[PDB]
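Those protein sequence lines, which keep their order, are chains H, C, P, W, E and S. Each residue of the first sequence is one higher than the one before, counting from 22 in our numbering. Each residue of the second sequence is one higher than the one before, counting from 24 in our numbering. Each residue of the third sequence is one higher than the one before, counting from 54 in our numbering. Each residue of the fourth sequence is one higher than the one before, counting from 14 in our numbering. Each residue of the fifth sequence is one higher than the one before, counting from 1301 in our numbering. Each residue of the sixth sequence is one higher than the one before, counting from 16 in our numbering. Just so it is clear, CB atoms sit at the ideal spot from N, CA and C, and this is done for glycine as well. In what follows, a structure is listed as structure tokens, so that the remarks can point back to it.
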Amino acid sequence: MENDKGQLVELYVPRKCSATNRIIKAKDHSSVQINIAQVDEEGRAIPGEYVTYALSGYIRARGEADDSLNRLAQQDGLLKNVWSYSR
Amino acid sequence: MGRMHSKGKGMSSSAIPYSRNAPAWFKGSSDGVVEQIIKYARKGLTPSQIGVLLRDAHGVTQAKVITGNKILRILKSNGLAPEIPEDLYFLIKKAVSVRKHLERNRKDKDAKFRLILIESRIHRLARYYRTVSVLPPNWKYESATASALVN
Amino acid sequence: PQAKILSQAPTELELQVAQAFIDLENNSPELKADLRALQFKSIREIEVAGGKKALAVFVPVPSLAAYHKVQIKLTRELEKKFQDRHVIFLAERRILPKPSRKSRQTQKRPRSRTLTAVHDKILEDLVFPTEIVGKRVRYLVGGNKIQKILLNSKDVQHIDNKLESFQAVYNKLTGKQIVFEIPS
Amino acid sequence: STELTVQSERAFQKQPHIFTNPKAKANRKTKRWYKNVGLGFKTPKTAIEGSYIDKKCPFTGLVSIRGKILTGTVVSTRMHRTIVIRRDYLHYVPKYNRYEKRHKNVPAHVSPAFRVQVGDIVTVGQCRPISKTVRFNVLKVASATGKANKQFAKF
Amino acid sequence: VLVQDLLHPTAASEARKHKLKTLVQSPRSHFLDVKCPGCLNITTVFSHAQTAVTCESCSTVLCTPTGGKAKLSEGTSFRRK
Amino acid sequence: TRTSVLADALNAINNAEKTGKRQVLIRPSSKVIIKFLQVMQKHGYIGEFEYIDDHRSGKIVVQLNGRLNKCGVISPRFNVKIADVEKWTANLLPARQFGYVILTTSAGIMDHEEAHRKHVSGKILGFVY
RNA sequence: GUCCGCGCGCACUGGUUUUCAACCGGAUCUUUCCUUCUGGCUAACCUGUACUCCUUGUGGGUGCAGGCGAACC
Ligand SMILES: [Mg+2]
Ligand SMILES: [Zn+2]
């Protein structure tokens, strides 16, 4: 990954899941990069600005992706009490 | 869920509460409960029955919490400990009853199988009690010493 | 009658505490006929953050139950007399060392004498009026252990303001940092 | 042991070259020579006060203790003045990187001074060959009772 | 699932689940103080009482044996204590 | 029966991490499990966890952070010399750049890196990487 | 400091309380003992005595009965 001399020999430093924090393979043909555009006070979606979430293939396959994205939205101040940390 | 002699996995049990100390609503005292336990013991009730009575007819949740000591140790410290441990005595009773039943009629073979099973159970428990020295080391269970301990 | 109910009389602060105790012994019809046959084990003081103090008495473990059966009223009285100092009754304890395998056999020590059970008892009796109903133990990513204690929501009014005082007392006594909590 | 009657057999039983002359009007029972085997081992009082002879005794006899000293659990007592000691241990099989339970039975010669019953643990010591199979001689009966210190129950 | 507070679950979760499955197991039974119609003598009774708990004063049954909680005498008064 | 409590704890953690959870519930919770999990934590393979006293062997609830990929106990606690630890790190760990054979030394339960540095070895518990 | 190919970021010698990270300790005090003593032997200074040799200033010694053992039998 790293040489002695101080250069990154590792190639294409990859992303990870934003829900399970697990790595996303090069050909994980289920992982989705959701983009949510930011919104100002008067109700205009700011162009060229947004927030990103890389949901993994495994969570989508299991079917628990929606709950995970509720959690990410709630913790980042995108939604109000959609998701309860307790159950 | 073990069921050392059946494929069953039942886990019916009792959940002892978190509160180590006595419940706040209890109105008696320790020595009165101890005397009540001693009176029931002198009546001739095995420790489990005494605990059951204290649960039912009185406000004792479990006497270990109230009296600061466990029931059998209370009888033993006051010279009322049975010479046979209560569980082993009841197992003696079951085994001798089944023995007499097979004496009455022969061809009930499932009863014979269950009798062998009970002999297994009693041998296990007797080995345990003999190892921990609660019972004399020359104690056995073959034919008629059983009824002698029963009668 | 000061030095005769203290088992010795250094540290004059506890002499004055016993003097206040005797002044409460004047209140005969309800707080006496039982309160005379009591002793103490060199009461001592512990700093408490915010400019406060925590004065802990120590029981010779004869029948602590006797102190507890009168503990609430006597504690309130000692708090109204003694300003800016929160008083606590503790069970003075002779914890025994763990037997090092190389050390000498000493008629095996009872399990009630161990440091862990001693800490259990001292934290149980640090607040008698409220029963302890839960214990949680967490470890921060920095590896420092923190204990949460769940006290009943009922009977909480008897303390209601003293939680940081017990925090300071326990932290000074044993170094086991605590955070108190009550179910809602 | 001999049952406190060494003089039982067809021959006299005495320590060679130790005696009391009848001409001496001091009347101490018999001169009983004894020795301490070393290694910080306590000679029992009943060895000095005893009347047995036991040529093969480590204290009152002529044998000596040197070399190996082993601790074991007595397993057989039925033979006279000699004992069968079990020794349990583990053999390390390296092909499996594992251990195996194993045991060896060592005969030993026990002095009458010691009271030994099946179940004890005995610290025994090496000695000059006593007989065909015995080469060990009892030194210390450690776990004499264990649970036999207290027998009955009366609160 | 996949994100929970097993340490702070909802009280509904505590109630619904079988005992021995909660974070800490506490028996679902309880103790009650009960008044017999005949004599005013109050008596304490375990919820799943086994043997018929007659008052020590009089031969009046207060609970009857049952697989679960015992069945009362239809006239006595119970209060959760 | 639960012959190896440590094995059950690690089997639960592995199952849940494979499922992709963030929290696990270790049932029997002996102190050796506490030591093992806090070694994991000091090395960061795990997050903020919690002991739950029940007056009966306690319980544990553990927060994950997806870092963990494989746990595992070596249930027959073999004696390992200081010489043979390299054989075990060859046989278990994917590479010597990371990974830790967790074994009990006279100091205590601890990873093989600190075991090598302390120059001490004992019985072997498990492996984490 | 020495030097050596714009320089490696001191290639060879040290200060390292400029902090600083440790990682093993060791000794400490925890309500926390190091097997313990009986004497040697006390090593040594809690000694306490004639005292200051040594700037008035405990920076150090001429020095022995109560006395630290852990420097060793
Ligand atoms: Mg175990
Ligand atoms: Zn009635």
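Over the uninterrupted beta strand (DSSP E) stretch that includes P/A107, give me the two end residues.
For this step, residue 107 of chain P is matched to residue 54 along the third sequence. 105-112 is the span of the beta strand (DSSP E), which, as asked, contains P/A107.
Between the beta-carbon of P/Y223 and the beta-carbon of P/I231, is there less than 9 Å?
By 1-based counting over the third sequence, the position of residue 223 of chain P is 170. By 1-based counting over the third sequence, the position of residue 231 of chain P is 178. In contact: P/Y223 and P/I231 (Cβ atoms closer than 9 Å).
Between the Cα of H/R81 and those of H/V103, H/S51, H/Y33, H/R36, spot the shortest distance and give me the residue it belongs to.
Within the first sequence, the letter at position 60 stands for residue 81 of chain H. Of the candidates H/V103, H/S51, H/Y33, H/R36, the one whose C-alpha sits nearest the C-alpha of H/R81 is H/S51.
At a Cβ threshold of 9 Å, is C/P70 touching chain E?
Counting from one through the second sequence, the residue named residue 70 of chain C turns up at place 47. For C/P70, the answer is no, since every Cβ of chain E falls outside 9 Å of its Cβ.
Could you spell out where the alpha helix (DSSP H) holding C/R78 opens and where it closes?
On the second sequence, residue 78 of chain C is found 55 positions in, with the first residue counted as 1. Residues 70-79.
Quick check: is the beta carbon of C/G102 nearer than 9 Å to any beta carbon in chain W?
In the second sequence, the residue the question calls residue 102 of chain C occupies position 79. At least one chain W Cβ lies under 9 Å of C/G102.
Under DSSP, the alpha helix (DSSP H) around P/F74 begins and ends at which residues?
Numbered from its first residue, the third sequence carries residue 74 of chain P at position 21. Its alpha helix (DSSP H) spans residues 65-78.
Verify the contact flag: E/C1363, CB atom, against every heavy atom of ligand 2, threshold strictly below 8 Å.
Reading the fifth sequence from its first residue, position 63 is the one you call residue 1363 of chain E. Checking every heavy atom of ligand 2 against the Cβ of E/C1363, none is found closer than 8 Å.
Checking 9 Å against the spacing of the C-beta atoms, do P/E217 and P/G103 come in under that value?
As a first step, residue 217 of chain P must be located in the third sequence, where it is residue number 164. As a first step, residue 103 of chain P must be located in the third sequence, where it is residue number 50. Against a cut-off of 9 Å, the Cβ pair of P/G103 and P/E217 comes out as a contact.
For a contact defined as C-beta to C-beta under 8 Å, what are the partners of S/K57 on chain P?
The residue given as residue 57 of chain S occupies position 42 in the sixth sequence. Neighbours of S/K57 on chain P, chain order: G196.
For the segment 162-191 of chain P, which residues have a CB atom closer than 7 Å to at least one CB atom of chain C, in sequence order?
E184, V186
Would you call the CB atoms of C/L103 and C/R65 closer than 9 Å?
Working through the second sequence from its first residue, we reach residue 103 of chain C at position 80. Working through the second sequence from its first residue, we reach residue 65 of chain C at position 42. Cβ atoms of C/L103 and C/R65: closer than 9 Å.
Apart from the five residues on each side of it in sequence, which residues of its chain come closer than 8 Å, Cβ to Cβ, to P/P182?
For the purposes of this step, residue 182 of chain P is identified with residue 129 of the third sequence, where counting begins at 1. For P/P182, where only same-chain residues beyond five positions count, the Cβ hits under 8 Å are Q124, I125, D208, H211, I212.
Alpha-carbon spacing of E/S1377 relative to H/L100, whole angstroms
Position 77 of the fifth sequence, counted from the start, is the residue given in the question as residue 1377 of chain E. Position 79 of the first sequence, counted from the start, is the residue given in the question as residue 100 of chain H. Cα to Cα, E/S1377 sits roughly 52 Å from H/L100.
May I have the straight-line CA-CA distance separating E/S1313 from S/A27, to the nearest angstrom?
Within the fifth sequence, numbered from 1, the residue matching residue 1313 of chain E stands at position 13. Within the sixth sequence, numbered from 1, the residue matching residue 27 of chain S stands at position 12. Approximately 22 Å between the Cα atoms of the pair.
Which of helix, strand or coil does DSSP assign to P/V222?
For the purposes of this step, residue 222 of chain P is taken as the residue at position 169 of the third sequence. It is helical.
DSSP-derived helix/strand/coil call for P/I235
For this step, residue 235 of chain P is matched to residue 182 along the third sequence. Of the three classes helix, strand and coil, the one that applies to P/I235 here is coil, per DSSP.
My parser needs the alpha helix (DSSP H) runs of 4 or more residues fully inside the segment 93-135 of chain C; what are they?
94-100, 109-127
With respect to the alpha helix (DSSP H) encompassing C/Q59, which residues constitute its N-terminal and C-terminal limits?
The count along the second sequence starts at 1 and reaches residue 59 of chain C at position 36. Its alpha helix (DSSP H) spans residues 53-66.
Own chain, CB closer than 7 Å to S/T120, minus 5 neighbours either side, in chain order
Here the question's residue 120 of chain S lines up with position 105 in the sixth sequence. Contacts found: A130, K133, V135, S136, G137.
Bridge partners - W/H116, DSSP secondary structure assignment
On the fourth sequence, position 103 is the one that residue 116 of chain W refers to. Paired residues: W/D101.
With a threshold of 8 Å (Cβ to nearest heavy atom), would S/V20 be considered close to ligand 1?
Here residue 20 of chain S corresponds to residue number 5 of the sixth sequence, with the count starting at 1. Yes, ligand 1 has a heavy atom inside 8 Å of this Cβ.
Anyone know if the C-beta pair for P/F142 and P/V110 falls short of 9 Å?
For the purposes of this step, residue 142 of chain P is taken as residue 89 along the third sequence, with counting starting at 1. For the purposes of this step, residue 110 of chain P is taken as residue 57 along the third sequence, with counting starting at 1. It is a contact, given that the beta carbons lie within the stated cut-off.
With DSSP as the reference, identify every bridge partner of S/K74, one or two as the case may be.
The sequence position of residue 74 of chain S within the sixth sequence is 59, counting from 1. In the DSSP output, where bridge partners are listed per residue, S/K74 has S/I67.
What are the residues that DSSP puts in a beta bridge with residue 151 of chain S?
Nothing about residue 151 of chain S can be read from this structure; chain S reaches only from 16 to 144.
Can a CB atom of chain W be found closer than 9 Å to the CB of C/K93?
To locate residue 93 of chain C, count along the second sequence from 1; it is residue 70. Not closer than 9 Å to any Cβ of chain W, the Cβ of C/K93 fails to qualify, so no.
Using only the alpha-carbon positions, how far apart do W/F168 and S/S90 sit?
By one-based count along the fourth sequence, residue 168 of chain W stands at place 155. By one-based count along the sixth sequence, residue 90 of chain S stands at place 75. Going by the C-alpha atoms only, they are around 47 Å apart.
Determine, using beta carbons only, whether C/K99 comes closer than 9 Å to chain W.
Taking the second sequence and counting its residues from 1, the one referred to as residue 99 of chain C is at position 76. Interface residue, yes.
Starting from E/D1333, follow its DSSP beta bridges and name the residues at the other end.
Translated into the one-based positions of the fifth sequence, residue 1333 of chain E becomes position 33. E/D1333 is bridged to E/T1344, E/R1379.
Starting from P/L59, trace the alpha helix (DSSP H) both ways and give me its first and last residue.
In the third sequence, the residue the question calls residue 59 of chain P occupies position 6. Note, P/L59: premise wrong, no alpha helix (DSSP H); not H, not E.
S/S136 beta carbon near ligand 1 (any heavy atom closer than 8 Å):
Working through the sixth sequence from its first residue, we reach residue 136 of chain S at position 121. No, the beta carbon of S/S136 sits no closer than 8 Å to any heavy atom of ligand 1.
Over what stretch of residues does the beta strand (DSSP E) that includes H/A58 continue unbroken?
One-based indexing of the first sequence puts residue 58 of chain H at position 37. Per DSSP, H/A58 belongs to the beta strand (DSSP E) from 53-60.
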